[PDB]
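# Structural description and commentary
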Amino acid sequence: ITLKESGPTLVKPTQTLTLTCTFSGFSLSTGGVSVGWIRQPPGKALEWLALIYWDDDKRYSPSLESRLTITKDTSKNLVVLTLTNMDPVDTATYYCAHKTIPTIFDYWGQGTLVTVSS
Amino acid sequence: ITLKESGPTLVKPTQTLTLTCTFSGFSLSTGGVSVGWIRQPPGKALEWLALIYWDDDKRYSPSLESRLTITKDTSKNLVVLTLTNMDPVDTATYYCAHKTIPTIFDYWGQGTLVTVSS
Amino acid sequence: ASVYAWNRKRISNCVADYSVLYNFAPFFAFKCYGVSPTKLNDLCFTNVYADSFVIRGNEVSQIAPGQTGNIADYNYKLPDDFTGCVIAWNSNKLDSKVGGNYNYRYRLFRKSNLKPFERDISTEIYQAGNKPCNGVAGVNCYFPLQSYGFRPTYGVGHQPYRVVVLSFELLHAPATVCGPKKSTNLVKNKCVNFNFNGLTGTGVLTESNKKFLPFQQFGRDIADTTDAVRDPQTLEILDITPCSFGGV
Amino acid sequence: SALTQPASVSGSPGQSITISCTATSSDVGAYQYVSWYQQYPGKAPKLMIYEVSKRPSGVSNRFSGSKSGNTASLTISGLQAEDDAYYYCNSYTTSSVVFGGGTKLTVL
Amino acid sequence: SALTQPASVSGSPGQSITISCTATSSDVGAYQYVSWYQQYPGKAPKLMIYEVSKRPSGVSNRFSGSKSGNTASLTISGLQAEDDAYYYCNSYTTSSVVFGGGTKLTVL
């Protein structure tokens, strides 16, 4: 299993930030398998963002929902997370990890540092 | 329980003093039981000499160790204490009392006054 | 024995009385799992194991189902489905010498946990990450065993404690360890309810005149009617006649 | 707020150490799936144990979890200098997965 | 230096008196076992009480011990003319059994 994130490394306030996480070894078609997103401020703890199941039932974090519409494409096995309205709070590392129900987020990727400022 | 000391009453300076303490009523085979020695200068306080546990684990006084090799014989229930190089400080009474862990020296003997001089 | 050298034993084929315990000592630590101590003497068991050793004061709590520590995780661990109980009575009148008794040891360092009832004696020198300092000193060259070293100045938390753990079995047990101990003076020539070694009945008992062979215990007339029985205490043969009855 | 972890621990090299992940929140459910992650100095967290006493094949044999009720006592035996790192706990509540406040373990 | 005992005491016959033998030295341990010995006028000392609040069967019912912290207050009630004698205290330290400096009791 392998994951890799990509997208813009730098972004300005009130801009649409997009990220694409491409994985290999598994897909989002088999049961139980899912893919979620997590962020980590510099030197702080991680946090959840959203989750996209294999049956296409999607879930978001209560506090930060109603945005960052998580889409996917099962043809090239790619997941897309998109969060608009950049704030200086959004400068942190970002990870796309694979979720099973008991073994929560057992396979994390590399993570790409992205900045939100002038 | 009963104890009785015996040995030479007179000894010369820089001589090997020996004392034999014979007891009756108890032995050195049951647990906890031990036998120790004590001395007392005229008109002064007592002091320790040695101790012989029931398991044949032996103890001496820190200041005056490296001497008084205390031996024993469990058949006739007899203890032997031997301290060489008599000095005028060692002219004092000597007692052999049986020691338990809480009831320290609960059974004392008679005690024999010994002199070290010409 | 020491903690890592517990004295396993089996005690079967006996009329077992668990009430010889109570006349022994104050029983500082006594708590039973799976069976009440009061109702023990009656119940029967398959195989009763007993493990005896000595530990320090503030670690008596660690001999319990599922509790992690340093004596439980390194040299003696009992399972979660344990049935039985533990009996510990503080003993520092026979175990502590003046200066420190370096006679009782306990594995202090090791690599991992042990399986239930897994006792090991190996005393090799612990590793040092890289190829270690075998038989010499250095960074972390710590012998695995460590002596207790009791002295009569230790606090009640550091005093020696003797402890025995009894492991029972209760499922489908072929009674091998349990005591009845209950008999009554014999009554003769009166309608009496009797229970002779399991044979239960009613009737009048009379002195017998028939010769039971020495290996026989019961007597029968025609049609399986139990006519006589021999006493398991005095070995006398007794005749049984059903007491008088009839229609009116 | 969701979980709770102590600030830091420092165990001498060659000893054992346990960390607690108290929930400190009512209705986290049955509290049955609890994963632990090893955070390196600027690296992707690695799963150490999930399913409390179970453990995924691929990691060491010293970590072992337990649950004294509402927390997860993550254990580390045979402390090696390699273990200096951050540790986090993770377990869903009724509505969503929650994380621990983090813990630092430095070996000296 | 190890223990400390008063020089002597003289109590009128029939009253009570308590004596203290303070250690005045740190780390004598838990200071839990403290025995008292009766020194006769030129005889082997006899154990009077050990384990201060305890007392060995075989002696009178007037002696009773107590501990006011770091010392052992040996008490003597109903002083009788027979009680004129020496008294010593004894309790192991970390390295070896130690004694008190001695006390003299003359009844008048």
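Scoring rules and cut-offs
Residues numbered from 1 in each chain as written, not as in the entry; some residues may be left out. Chains lettered and ligands numbered in written order. Part of a larger assembly, values for the part shown. Heavy atoms only, no water. Residues with missing side-chain atoms left out of burial classes, pairs and counts. Contact = heavy atoms within 4.5 Å. Buried area = accessible area lost by both parts, 1.4 Å probe. Salt bridge = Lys/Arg side-chain N within 4 Å of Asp/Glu carboxyl O. Helix = DSSP H or I, 4+ residues; strand = E, 2+ residues; numbered from the N terminus. Buried < 20%, exposed > 50% of the residue type's maximum accessible area, 1.4 Å probe, protein only. Pairing = 2+ DSSP bridges. Disulfide = S-S within 2.5 Å. Axes fitted to C-alpha atoms, helices over the stretch in contact; angles between N-to-C directions. Polar contact = N/O pair within 3.5 Å; in protein donor to acceptor, adjacent residues only side chain to side chain. Nonpolar A, V, L, I, M, F, W, Y, C, P; charged D, E, K, R; others polar.

As stated in the entry header, the method of structure determination is cryo-EM and the reported resolution is 3.2 Å.

## Concerning the interface of chain D and chain A
Note: interface size is frequently given as the accessible area lost on complex formation between the parts. Chain D puts 17 residues into the contact, and the matching count from chain A is 19 residues. Between chain D and chain A, roughly 1500 Å² of surface is buried when both sides are summed, and carbon and sulfur atoms account for 69% of that area. Looking only at chain D, the three residues that lose the most surface to chain A are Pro45, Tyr92 and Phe99 of chain D, adding up to 32% of its buried area. Our enumeration of links across chain D and chain A arrives at 0 salt bridges.

## What about the environment of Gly111 of chain A?
Residue and element names in this part refer to chain A. Tracing the sequence through the fold places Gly111 in the loop between β9 (93-99) and β10 (115-116). Between the C-alpha atoms of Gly111 and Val11, which are 100 residues apart in sequence, the distance is 16 Å. If sequence neighbours within four positions are ignored, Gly111 has contacts with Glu5, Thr93, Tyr94 and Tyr95.

## Describing the side chain of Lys97 of chain C
Tracing the chain through its elements places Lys97 of chain C in the loop between β4 (84-90) and β5 (105-107). By relative accessible area, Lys97 of chain C is classed as buried at 3%. The contacts of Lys97 of chain C, once residues within four sequence positions are left out, are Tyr53, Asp55, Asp57 and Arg59 of chain B together with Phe150, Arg151 and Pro152 of chain C.

## Thoughts on the pairing of strand β4 (residues 34-40) of chain B
Residues and elements named next belong to chain B. The buried count for β4 comes to 7 of 7 residues, which makes it a mostly enclosed element. Residues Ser34, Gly36, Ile38 and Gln40 of β4 are buried on one face, and the alternating residues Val35, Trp37 and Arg39, pointing to the opposite face, are buried as well. Two strands pair when backbone bridges link them, and β4 and strand β9 (residues 93-99) are joined in this way by 7 bridges, in the antiparallel orientation. By the bridge assignment for β9, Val35 is matched with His98. Across 5 bridges, the pairing between β4 and strand β5 (residues 47-53) is antiparallel. Looking at the pairing, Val35 lines up with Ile52 of β5. Turn length for the β4-β5 hairpin, with the two strands adjacent in sequence and antiparallel, is 6 residues, and the turn residue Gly43 shows positive phi of about 75 degrees.

## As for the state of the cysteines
In the structure shown here, the tally under the stated rule is 8 disulfides over all chains. With its sulfur 2.0 Å from that of its partner, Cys133 of chain C forms a disulfide with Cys141 of chain C. Here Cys133 of chain C and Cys141 of chain C share a disulfide; its torsion about the S-S bond, 130 degrees, makes the bridge right-handed. The residue that forms a disulfide with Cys21 of chain E is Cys89 of chain E, at a sulfur-sulfur distance of 2.0 Å. Taking the sign of the S-S torsion, 135 degrees for the link of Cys21 of chain E and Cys89 of chain E, the bridge is right-handed. Of the two residues, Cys21 of chain E is situated in the loop between β2 (17-19) and β3 (35-39) and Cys89 of chain E in strand β6 (residues 85-92); the sequence distance between them amounts to 68 residues. Taking the relative accessible area as the measure of exposure, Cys21 of chain E reaches 2% and is therefore buried. Free of any disulfide, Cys14 of chain C has its nearest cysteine sulfur in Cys178 of chain C, 8.7 Å distant. Take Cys14 of chain C: its relative accessible area is 27%, and that puts it in the partly exposed class.

## A closer look at the sheet that holds strand β1 (residues 2-6) of chain B
Residue and element names in this part refer to chain B. Strand order across the open sheet formed by 4 strands is β1-β3-β8-β7, with antiparallel pairing between neighbours. Either end of the sheet is taken by a strand with one partner, and the two such strands are β1 and β7 (71-73). Geometrically, the sheet is characterised by an average inter-axis angle of 20 degrees between neighbouring strands, direction not taken into account. As paired strands, strand β3 (residues 17-24) and strand β8 (residues 78-83) are joined by 6 bridges and run antiparallel to one another.

## Let's talk about the interface of chain B and chain E
Contact with chain B, which involves 19 residues of that partner, is made by 16 residues of chain E. Interface of chain B and chain E: buried area, both sides summed, is about 1500 Å²; carbon and sulfur atoms make up 67% of it. Taken as a group, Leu46, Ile104 and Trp108 of chain B account for 36% of the area that chain B buries against chain E, more than any other trio of residues on that side. Counting across the chain B and chain E interface gives 0 salt bridges. Counting the contacts that link chain B with chain E gives 2 residue pairs in polar contact. At the level of secondary structure, the elements contributing two or more residues to the side of chain B that touches chain E comprise β4 and β9 of chain B. For the side of chain B that touches chain E, the residue count by class is 11 nonpolar, 5 polar and 3 charged.

## Topic: the pattern of salt bridges
All names here are of chain C. A full pass over the atoms with the stated rule returns 12 salt bridges over all chains. Between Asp95 and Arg162 there is a salt bridge; the shortest N-O distance is 3.6 Å. Linking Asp95 in the loop between β4 and β5 with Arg162 in strand β7 (residues 161-167), this pair joins segments that are 67 residues apart in sequence. Judged by its relative accessible area of 2%, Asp95 falls in the buried class. Between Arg107 and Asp120 there is a salt bridge, and its shortest N-O distance comes to 2.8 Å. A residue pair is termed long-range when its members are at least 10 positions apart, and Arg107 in strand β5 and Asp120 in the loop between β5 and β6 (145-147) qualify at 13 residues.

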